[PDB]
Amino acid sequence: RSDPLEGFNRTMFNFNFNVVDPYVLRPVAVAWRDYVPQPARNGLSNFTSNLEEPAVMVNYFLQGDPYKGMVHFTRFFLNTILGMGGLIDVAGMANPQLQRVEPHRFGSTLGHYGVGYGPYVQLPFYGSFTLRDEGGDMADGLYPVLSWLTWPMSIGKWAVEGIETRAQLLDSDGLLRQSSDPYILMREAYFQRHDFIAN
């Protein structure tokens, strides 16, 4: 379909799939799954998620729907001020239309206003980078919460989110490994997940 840089990508993906993942990151995720207790996993996941919910709000406004804009205002506010800086999902306990949901950020608004993705890069150590979503999302580091992160903090957040994401995927490892071509499937999942959030 796309992939002008399919050759470039497939080499970065095979480096990621069979060098960094078996030798690091996934071992780092097995230590995570066996040594950090489930409450600390739920608390970190909510704490990081919470720093994006002000931007999810500002972007639901731009995509025309100020109702969900204030669902994520309410999520940020109950959870920052009463849920211990985001550690507890109070809003989720308070009401069903305040459950945590996947971020809709500046890439989404760009995609919802019909802007096309980049080519499709696959990066070493990173994973998948479109010019519109990853990186377009960086526009949300111009206004507060994420403009408050130093560059060290942004990677810490990046890391713990990643190791957790890997840690959750630990139990369906396979079918990326028992699959004729795991680059085309991994990429297909990419665009289906990313087109859904740009709605």
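Quick note: we count residues from 1 along the sequence shown, nothing fancier.
Test of understanding: from the entry's C-alpha B-factors, which stretch has the higher mean, 5-13 or 171-179? Going by the record's values, the stretch with the higher mean is 171-179.
Which wins on mean Cα temperature factor, 59-67 or 34-42? On average, C-alpha B-factors are higher across 34-42.
Highest Cα B-factor in the deposition, which of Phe47, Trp151, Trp158, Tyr143? Of the options given, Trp151 has the highest CA B-factor in the PDB entry.
Ranking every modelled residue in this chain by its Cα temperature factor as given in the entry, which third contains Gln97? Highest third, going by the recorded CA B-factors of the chain.
Select lowest, middle or highest to describe the third in which the CA B-factor of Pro119 falls within its chain in this entry. It falls in the top third of the chain.
Considering only modelled residues of the same chain, in which third does the CA B-factor of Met138 rank: lowest, middle or highest? For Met138, whose C-alpha B-factor we compare with every modelled residue in the chain, the answer is the lowest third.
Ranked C-alpha temperature factor of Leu131 among modelled chain residues, by third: For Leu131, the deposited C-alpha B-factor lands in the middle third.
Ranking the modelled residues of this chain by C-alpha B-factor as given in the entry, is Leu51 in the lowest, middle or highest third? Bottom third by C-alpha B-factor.
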